[PDB]
Amino acid sequence: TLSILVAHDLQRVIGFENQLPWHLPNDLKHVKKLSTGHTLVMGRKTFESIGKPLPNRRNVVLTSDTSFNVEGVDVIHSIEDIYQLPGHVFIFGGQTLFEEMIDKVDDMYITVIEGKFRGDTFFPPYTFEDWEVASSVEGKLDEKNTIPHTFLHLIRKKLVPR
Ligand SMILES: NC(=O)c1ccc[n+]([C@@H]2O[C@H](COP(=O)([O-])OP(=O)(O)OC[C@H]3O[C@@H](n4cnc5c(N)ncnc54)[C@H](OP(=O)(O)O)[C@@H]3O)[C@@H](O)[C@H]2O)c1
Ligand SMILES: COc1cc(Cc2cnc(N)nc2N)cc(/C=C/C(=O)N2N=Cc3ccccc3[C@@H]2c2cc(C)cc(C)c2)c1OC
């Protein structure tokens, strides 16, 4: 399976100055539970923002840098390399990789951050006419998680005659 994994706000903001605009620990635990034991594919800028690979999963970084080499990170240099990765592959970001892959993935795990943040990077527009809501689960709010959010699992709809 090839999946998108993303958090975006009410206006599809995903980042500001190479950081998540929001502080929401519950969504990082969501990311952890979905992607442990599988593969994350991310662009170079997204990797440098995190700074080190996330433990207990394959970390794949897409870059044009022939010199790129980080311990615990596998490097690919073209989009076509993604389809050769085994197992469940999650497209992890950022805007550039999302734009290149949104028309190719089987499904999307989207955390909708129910707010309006200042951003400089965005998830591409998409329509629920094209995507079936396999599940929609409201995140629970508490002391450390104060922004309403919704976990969506969207599966691409099949085009059928009538
Ligand atoms: N909210 C979320 O769920 C989420 C998730 C991830 C990231 N983000 C945010 O997204 C922002 C970064 O997005 P971004 O688009 O600016 O950067 P990005 O997609 O993370 O990285 C872009 C880089 O990836 C490499 N790349 C992309 N496509 C390629 C291709 N076809 N072939 C070879 N290399 C390729 C290039 O690296 P080189 O220039 O080294 O060749 C390119 O400069 C950050 O603010 C981050 O916080 C948000
Ligand atoms: C730009 O910056 C980033 C972007 C994204 C992309 C992304 C965010 N959300 C959605 N929904 N989709 C997305 N593709 C992720 C991250 C997160 C990286 C991070 O440190 N952990 N993540 C998972 C993890 C797994 C195992 C051990 C440690 C972690 C760690 C973490 C886990 C837990 C349980 C709590 C905390 C506080 C951290 C990121 O760094 C801020």
Side-chain angles (χ1 to χ4, degrees), residues 1-9 11-113 115 117-126 130-131 134-135 137 139 144-145 147 149-156:
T1 317
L2 186 60
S3 299
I4 274 189
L5 181 53
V6 67
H8 76 63
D9 82 353
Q11 315 199 110
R12 278 173 293 99
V13 161
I14 63 164
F16 183 63
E17 299 183 333
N18 298 321
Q19 298 283 118
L20 297 175
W22 40 85
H23 166 73
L24 195 53
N26 279 1
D27 191 47
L28 303 190
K29 313 186 150 293
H30 181 74
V31 166
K32 172 178 179 185
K33 185 161 73 162
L34 275 176
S35 60
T36 292
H38 304 291
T39 299
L40 299 183
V41 173
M42 66 193 86
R44 187 261 306 168
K45 295 187 179 181
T46 291
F47 173 70
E48 293 300 329
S49 162
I50 301 170
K52 62 199 221 215
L54 296 189
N56 301 322
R57 80 220 46 173
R58 193 179 180 181
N59 289 249
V60 175
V61 169
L62 173 64
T63 176
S64 76
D65 194 347
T66 51
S67 291
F68 198 93
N69 174 274
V70 176
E71 261 316 309
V73 173
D74 302 337
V75 177
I76 58 174
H77 298 298
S78 83
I79 289 291
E80 291 316 300
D81 294 322
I82 295 181
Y83 308 106
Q84 300 310 118
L85 301 166
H88 196 175
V89 173
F90 295 85
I91 304 294
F92 203 55
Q95 162 174 331
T96 297
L97 201 43
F98 288 141
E99 292 171 345
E100 293 174 284
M101 300 302 296
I102 187 160
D103 289 333
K104 309 272 185 294
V105 298
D106 306 307
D107 58 348
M108 307 197 288
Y109 292 90
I110 301 192
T111 304
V112 174
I113 315 293
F117 293 75
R118 172 180 296 101
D120 54 29
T121 43
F122 286 75
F123 195 72
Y126 61 95
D130 299 353
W131 296 91
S135 64
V137 182
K144 293 179 179 179
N145 300 267
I147 311 142
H149 52 292
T150 308
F151 304 111
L152 300 180
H153 182 202
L154 308 182
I155 300 183
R156 186 185 310 277

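Position 1 is the first residue of the sequence, and the numbers go up from there.
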- Compute the centroid of each ring, for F151 and then for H153, and state whether the two points are separated by less than 6.0 Å. no
- Message: Please report the interatomic distance CD1(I76) to CG(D81), rounded to the nearest 0.5 Å.
- Response: 5.5 Å
- Message: Determine whether a donor-acceptor pair (N or O, by modelled atom type, separation under 3.5 Å) exists between the side chain of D106 and the backbone of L2.
- Response: yes
- Message: Please determine whether side chain to side chain contact (heavy atoms under 4.5 Å, CB included) holds for the pair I14 and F98, giving the CA-CA distance in whole Å, both sets of side-chain angles, and the decisive distance to 0.1 Å.
- Response: CA-CA 11 Å; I14 63 164; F98 288 141; 3.9 Å; yes
- Query: Is there a donor-acceptor contact under 3.5 Å from the side chain of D9 to the main chain of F117?
  - Reply: yes
- Query: Roughly how far apart are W22 CH2 and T111 OG1, rounded to 0.5 Å?
  - Reply: 9.0 Å
- Does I79 reach the side chain of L97, with side-chain heavy atoms less than 4.5 Å apart? yes
- Query: Does the side chain of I110 reach to within under 4.5 Å of the side chain of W131, using non-hydrogen atoms?
  - Reply: no
- Rounded to the nearest 0.5 Å, what's the gap from CZ on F92 to CG on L54? Could you check? 5.5 Å
- Tested for side-chain contact (heavy atoms from CB on, under 4.5 Å) against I91, the lone hit among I102, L40, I82, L5 is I82
- Side-chain donor/acceptor of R12 to backbone N/O of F122, under 3.5 Å: no
- Message: Quick check for you: to the nearest 0.5 Å, what is the distance between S49 atom OG and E17 atom CD?
- Response: 11.5 Å
- Between atom OG1 of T46 and atom CD of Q95, what is the distance when rounded to the nearest 0.5 Å? 10.0 Å
- Applying side-chain contact (heavy atoms from CB on, under 4.5 Å) between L20 and each of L28, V13, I113, report the one that passes. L28
- Does the separation of the ring centres of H8 and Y126 fall below 6.0 angstrom? yes
- Working for side chain to side chain contact (heavy atoms under 4.5 Å, CB included), residues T121 and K45: CA-CA 12 Å; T121 43; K45 295 187 179 181; over 6 Å; no
- Identified side-chain contact (heavy atoms from CB on, under 4.5 Å) counterpart of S3 within the set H88, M108, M101: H88
- Item | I155 side, atom CD1; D107 side, atom CG - distance, nearest 0.5 Å | 5.5 Å
- Task: Examine distances only and state if a side-chain atom of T63 and a backbone atom of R44 form a donor-acceptor pair shorter than 3.5 Å.
- Result: no
- Item | Side-chain touch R57/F90, heavy atoms, less than 4.5 angstrom | no
